[PDB]
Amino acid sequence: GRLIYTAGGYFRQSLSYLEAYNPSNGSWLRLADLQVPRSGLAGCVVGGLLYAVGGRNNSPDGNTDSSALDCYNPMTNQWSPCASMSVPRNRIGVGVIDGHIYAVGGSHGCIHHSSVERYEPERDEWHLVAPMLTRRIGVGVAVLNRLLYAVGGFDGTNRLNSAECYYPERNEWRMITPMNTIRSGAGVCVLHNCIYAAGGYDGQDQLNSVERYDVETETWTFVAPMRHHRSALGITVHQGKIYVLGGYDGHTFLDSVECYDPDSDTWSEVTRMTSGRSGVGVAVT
C-alpha cells in the first residue's frame, strides 16, 4: 500500500500541506505540515523517506527562494531538516539515481540556474556536478536507464522545447531531440520505459497536451491529452499509471487529480485534493 504524497504548493500564498492519497481505497490522509511553506518545490523518495527540495515561500510579507532540503519519515510523521543546497532553487526539478538526489536548475531571484548538485543521504552532503548545457527553471526531470533527463523550462529569455540527458558515470550532458511543444512548468515522469511530458505553459496558454519520448527511436509522440489544461502540476507514477495533481488552468487553481492509463491511452478523474493548488511536490512511498 504505497501512497501518493503531495507537499506544499500555492493558493493565494505558499502552502504547508502534506497530504497523502491512497489509490486503492480513495482515502486522503492529512499528515504533518512542512515547517516552512513552499511552492515550486520538488519531491522525491530515497530509502522510504520523502524529501521536499527547493521552492519558494511566496507570502504576504514577501518572497524568499529556498535552498532547503527537508525529510519526512512516514513512520514518525515528522519533518527533519537536512543540509541545504549551495543555492536556492525555485521551480526546481529533481531525480534520484542510486539513492542520491539530483537537484536540477531552478531560480534564485533573477538567476536562472544551469547548475546541478547531488545529495548523499548517508553523509548529509550536497556537491555540485557538471552543469546543464542550458539554464532551466520550470524544468521537468526524469530518470530512465540510470540517466537523468532535463526537459523543457525557461532559460531567462526563451521558453524551451529542448531537453538534455546527463550521464552520471561520465559527468556529462548532451542535448537530445526537442519536444514537439514548448513547455515550462510541465509534469515530467517515466512510465514503461518512455519519458512523458504533460501539460505546462508554451508562452501563450496552459496546455493539456502530452507527449512521450522513446529513447531508441529518438522521437516524441503525442498521446491522449489530459482532461484539464494545466501548468505547475505535480506528477508521479503508481502501479503503472501516471497521476497528475493540481496545477493552474489559466483561471483556477485545480483540485483535480487525474490518471493516465497507458493500455487504453486515456486520462480519468480519480479524486480531488482537499483544496485547489499549484506548484506541489509529489512522490510515492
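Residues carry their position along the shown sequence, with the first being 1.
For the pair 248-256 and 47-55, the mean Cα B-factor is higher in 248-256. Taking the PDB entry as given, 116-124 carries the higher mean Cα B factor of the two stretches 116-124 and 100-108.
Among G93, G199, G152, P81, the highest C-alpha B-factor in the deposited entry belongs to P81. Comparing C-alpha B-factors across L69, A232, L29, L41 in the deposited entry, the largest value falls on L29. For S184, the recorded CA B-factor ranks within the lowest third of the chain. Only modelled residues enter the ranking.
Per the deposited record, the Cα B-factor of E19 falls in the lowest third when ranked against the other modelled residues of its chain. Among all modelled residues in this chain, the alpha-carbon of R89 has a temperature factor (C-alpha) in the lowest third. Ranked within its chain, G281 lands in the middle third, by CA B factor from the PDB record. Looking at the C-alpha B-factors along this chain, the one for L160 belongs to the middle third.
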